[PDB]
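In what follows, every chain begins at residue 1, and chains take the letters A, B, ... in the order their sequences are listed. When reading the values below, keep in mind they use all heavy atoms of this one structure, side chains included, and skip hydrogens, waters and symmetry mates.
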Amino acid sequence: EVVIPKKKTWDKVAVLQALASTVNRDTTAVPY
Amino acid sequence: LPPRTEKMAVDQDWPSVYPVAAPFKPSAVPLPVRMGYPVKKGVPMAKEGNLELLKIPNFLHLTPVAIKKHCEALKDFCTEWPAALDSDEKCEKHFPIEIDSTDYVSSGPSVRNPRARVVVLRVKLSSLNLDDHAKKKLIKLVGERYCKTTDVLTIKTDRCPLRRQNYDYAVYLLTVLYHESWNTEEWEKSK
Amino acid sequence: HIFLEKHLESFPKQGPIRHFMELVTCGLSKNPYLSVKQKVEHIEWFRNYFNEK
Amino acid sequence: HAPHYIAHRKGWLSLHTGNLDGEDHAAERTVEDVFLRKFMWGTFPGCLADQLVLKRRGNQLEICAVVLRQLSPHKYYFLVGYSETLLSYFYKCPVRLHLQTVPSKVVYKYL
Amino acid sequence: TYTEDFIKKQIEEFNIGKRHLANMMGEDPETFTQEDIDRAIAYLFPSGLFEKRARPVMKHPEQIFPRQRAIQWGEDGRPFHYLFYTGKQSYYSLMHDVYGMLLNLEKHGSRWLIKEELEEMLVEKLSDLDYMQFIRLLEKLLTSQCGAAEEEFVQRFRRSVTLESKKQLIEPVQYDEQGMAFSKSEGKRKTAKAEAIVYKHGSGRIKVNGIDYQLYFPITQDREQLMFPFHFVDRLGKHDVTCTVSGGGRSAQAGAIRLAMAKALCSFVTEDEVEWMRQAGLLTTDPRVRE
Amino acid sequence: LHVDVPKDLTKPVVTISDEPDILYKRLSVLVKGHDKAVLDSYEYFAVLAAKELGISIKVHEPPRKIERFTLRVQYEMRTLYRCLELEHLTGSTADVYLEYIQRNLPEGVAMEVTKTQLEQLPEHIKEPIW
RNA sequence: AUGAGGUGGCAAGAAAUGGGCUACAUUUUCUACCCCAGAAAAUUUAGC
Ligand SMILES: [Mg+2]
């Protein structure tokens with residue numbers, strides 16, 4: 001039987017926010 | 001001032017130094033990489049002031065550690081293929097119609113592309129409820145869109161500006177073709 | 001976009017003008033670069049011109 | 001290096017998808033590059049050590065320039081802000097600048 | 001010029017950069033090798049430049065800087081080698097050794113080393129006459145009853161380049177479902193490409209694209225070209241051929257089929273007949289093509 | 001960061017909708033570039049990401065194209081291709097993967113994504129009109 | 001008046017040589033086929 005999953009959705013910047021949450025601050029650099 | 005690669009440890013978190021796509025920074029990349037055709041009794045040029053290394057689309061922001069760390073955080077966004085569809089044998093059984101559409105990624109100010117409106121519907125006639133006369137009429141109506149070898153009817157729509165409109169038009173064309181294949185005019189009798 | 005033949009109601013129904021405007025609308029219904037408004041504006045210009053002549 | 005080394009030893013200063021087979025707007029990108037180069041050579045007079053590198057990803061526009069350490073850093077920041085804002089409002093795209101200072105011209109050979 | 005402290009510093013910089021690259025690529029720094037360095041640098045800094053040298057490179061400093069500056073005396077100034085003052089201590093040391101071996105023996109598909117390679121190994125420039133003298137001594141050593149040690153010593157100076165044999169690699173024999181033996185081969189002439197299957201036993205039937213050869217090739221010249229391989233080895237009417245040719249024109253297709261059939265037939269003839277076919281031009285791809 | 005670390009991170013809001021998800025039988029990603037090394041690096045990145053997301057990927061190399069022209073002085077334009085065919089991925093997986101790899105598309109490289117969605121027959125065509 | 005107009009004319013002739021374009025066939029031409037058919041009728045340019 002074909003159980004089609006549900007279409008989960010996210011905000012436009014959601015992927016960028018996840019990728020950003022993946023990385024920490026650079027301790028040896030001056031601010032961006 | 002001294003480059004900050006002197007302060008970078010041998011066990012640092014490299015992805016935090018290059019989070020996103022960035023140009024080559026010889027003061028940030030702690031590698032003694034050289035590039036350039038050497039002169040006679042010369043060496044390839046050093047990185048500081050090297051325009052050739054600056055011209056490379058470097059992948060310092062995508063290292064295997066960084067890629068794995070990215071793809072572990074992105075798993076939250078994914079859904080699962082219905083396991084009942086194990087192969088194309090069942091993908092062509094439970095879902096007879098196939099809709100092909102294309103997106104184009106160039107570089108510039110305008111994202112528009114005239115070729116993205118095209119839609120291609122593919123359906124096997126054996127998967128439609130057609131009798132002998134209905135199938136004969138449908139084949140004669142469509143013409144070259146029907147390929148005898150594959151038993152596939154391929155309707156390509158690009159008339160409308162948008163892509164949803166071309167998809168709706170392809171569906172409408174299929175509907176009307178089926179209905180006019182199942183219909184026998186008075187005139188048909190003279191074959 | 002694809003059925004623009006309702007805008008030919010005020011034209012002649014069976015003369016050569018019907019033929020010409022059927023050709024025009026068949027061309028316009030195959031136009032992916034125009035909006036519906038521009039197509040109907042073309043049809044209305046044709047109406048005006050043929051009304052004058 | 002001479003022009004017959006452009007894919008053998010040198011590279012391309014500008015990098016964009018326009019000239020690939022099937023892509024469009026190569027002319028517009030070329031004119032954009034021309035204006036960027038003249039504008040930048042007129043806005044950083046005697047600072048640029050070498051040619052610009054013009055990179056393009058999506059609608060982004062990165063100018064990687066190599067300048068000298070002869071002009072004051074405050075003026076460098078003022079000009080970076082000015083040029084970024086002006087070029088973003090002129091091309092209606094997010095332009096960005098990545099100055100790299102060098103103590104002096106990086107001479108390769110003597111011709 | 002490159003001082004020794006300068007290269008020392010480049011050595012620590014290379015080692016630290018190697019450890020950093022191992023960190024970046026996730027590999028274990030202890031076992032991270034130079035091939036790994038090359039692969040990682042190729043990934044991180046992709047470059048399509050045709051010149052391999054122009055591409056980005058991260059080598060050991062010793063591989064970059066030549067530094068062919070060997071010290072030949074210590075702090076007291078005494079030279080290390082007893083032939084130092086000749087100026088050719090390595091070359092004359094080698095000549096002394098060879099003469100010693102010649103004296104000892106007197107009491108009891110490969111090539112001589114080229115001059116510049118001998119220079120590379122001796123790390124000293126030498127003239128043509130002294131090279132000839134050394135080679136003459138080596139020949140004299142070979143003429144005498146050289147033992148295992150002397151044979152190895154001369155082999156240090158003997159390179160294996162000379163001679164190359166043109167033997168015409170044969171295709172293997174395959175067997176079809178019916179149990180018949182056949183061999184397949186390919187040929188090309190201009191833009192025509194052909195693949196022929198030659199059976200061991202037959203009655204001389206050639207089928208081109210499923211069509212008889214005399215129907216597929218109306219022109220007698222093409223039929224003579226197809227006849228040439230089998231006639232040359234006197235086995236007309238003894239093999240069946242099933243070929244497929246595409247592209248080109250009439251003569252190009254005939255020539256490609258001729259080549260494919262000859263190469264497939266080489267399986268069922270003796271090596272002498274293979275060499276005769278080669279010397280007749282029947283096994284060489286014709287490279288002549290339009291500008 | 002050795003001690004100063006973010007105590008918590010705000011994960012983006014991904015909501016599980018009620019609508020059914022789109023299904024893609026195939027998803028062909030053709031990338032074009034002037035540089036073979038850049039395409040090899042992008043292929044490595046894309047394939048590793050596909051493995052880490054569980055997507056099934058195959059890679060092949062379409063033949064190159066060369067456009068030569070003259071103003072004598074002869075100029076050339078090379079176009080090299082890499083094709084990444086993904087199989088049996090849903091709508092959300094395809095969107096997230098495509099966003100990732102398109103945002104990380106290198107300069108000078110263009111993309112053409114062909115998506116082959118699977119659809120059922122419309123209700124209005126199942127049986128003839130009586 | 002090197003500006004703007006009007007009224008008439010103007011529309012050449014002969015060679016020797018330099019060059020260019022067209023058609024120029026029987027090993028040809030038309031039809032069927034793509035090759036076993038039937039009807040019609042002196043310097044100069046390259047060489048490899
Ligand atoms: Mg006149």
**Asked** For E:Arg250 and G:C33, what is the distance between atoms CZ and P respectively, to the nearest whole Å?
**Response** 21 Å
**Item:** Sugar geometry class by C1'-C2'-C3'-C4' for G:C33
**Value:** north
**Prompt:** Do we see a donor-acceptor contact under 3.5 Å between the side chains of D:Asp33 and D:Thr30?
**Reply:** no
**Request:** Examine the six-membered rings in the bases of G:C34 and G:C35 and report whether their centres are under 5.5 angstrom apart and their planes under 30 degrees.
**Result:** no
**Request:** Identify which one of B:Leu141, B:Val176, B:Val142 satisfies the side chain to side chain contact (heavy atoms under 4.5 Å, CB included) criterion when paired with B:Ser181.
**Result:** B:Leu141
**Prompt:** Rounded to the nearest Å, what distance is computed from the CZ atom of residue E:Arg223 to the P atom of nucleotide G:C36?
**Reply:** 9 Å
**Prompt:** On a whole-Å scale, what distance lies between the P atoms belonging to G:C21 and G:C48?
**Reply:** 26 Å
**Asked** Which nucleotide, in any strand shown, forms a Watson-Crick or G-U wobble pair with G:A11, with both distances under 3.5 Å?
**Response** none
**Interatomic distance at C1', G:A25 relative to G:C10, whole Å** = 49 Å
**Message:** Rounding to an integer number of angstrom, what distance separates G:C24 and G:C30 when you compare their P atoms?
**Reply:** 11 Å
**Prompt:** Quick one: E:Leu215 CG to G:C36 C1', roughly how many Å, whole number?
**Reply:** 12 Å
**Within 6.0 Å of CZ in C:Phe50, more than 12 heavy atoms from elsewhere** = yes
**Item:** For G:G38, the Watson-Crick or wobble counterpart (both distances under 3.5 Å)
**Value:** G:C30
**Request:** Examine G:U29 and say whether its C1'-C2'-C3'-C4' torsion places the sugar north (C3'-endo side) or south (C2'-endo side).
**Result:** north
**Asked** Given the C1' atoms of G:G13 and G:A40, what is the spacing between them in whole Å?
**Response** 48 Å
**Message:** If stacking means ring centres below 5.5 Å and interplanar angle below 30 degrees, are the neighbouring bases G:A11 and G:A12 stacked?
**Reply:** no
**Request:** For G:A37 versus G:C33, give the span between their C1' atoms, rounded off to a whole number of Å.
**Result:** 9 Å
**Asked** When you check the sign of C1'-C2'-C3'-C4' for G:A11, do you get north or south?
**Response** south
**Test item: side-chain donor near acceptor, F:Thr116 and B:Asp100, under 3.5 Å** = yes
**Request:** Could you state the atom-to-atom distance from CD of E:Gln253 to P of G:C35 in whole Å?
**Result:** 11 Å
**Item:** Gap in Å between the two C1' atoms, one belonging to G:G5 and one to G:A1, rounded
**Value:** 13 Å
**Asked** Taking a positive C1'-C2'-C3'-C4' angle as north and a negative one as south, how is the sugar of G:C35 classified?
**Response** south
**Asked** How many Å lie between CG on E:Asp222 and P on G:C36, as a whole number?
**Response** 12 Å
**Request:** Quote, to the nearest angstrom, the P distance that separates G:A23 from G:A15.
**Result:** 28 Å
**Request:** May I ask you to decide if E:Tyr131's main-chain N or O and E:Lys115's side chain share a donor-acceptor pair within less than 3.5 Å?
**Result:** no
**Prompt:** Who does G:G5 pair with, Watson-Crick or G-U, both distances under 3.5 Å?
**Reply:** none
**Asked** According to the definition of ring centres under 5.5 angstrom and planes under 30 degrees, are G:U26 and G:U27 stacked?
**Response** no
**Message:** Using modelled atom types and a 3.5 Å cut-off, is there a donor and acceptor pairing between side-chain atoms of F:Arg68 and backbone atoms of F:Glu76?
**Reply:** no
**Asked** If we take the P atom in both G:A46 and G:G20, what is their distance in whole Å?
**Response** 13 Å
**Prompt:** By sign alone, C1'-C2'-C3'-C4' of G:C36 puts its sugar north or south?
**Reply:** south
**Request:** Return the value, rounded to whole Å, for the distance between atom CD1 of E:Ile219 and atom P of G:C36.
**Result:** 6 Å
**Message:** Without decimals, in angstroms, what is the distance between E:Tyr216 OH and G:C34 P?
**Reply:** 13 Å
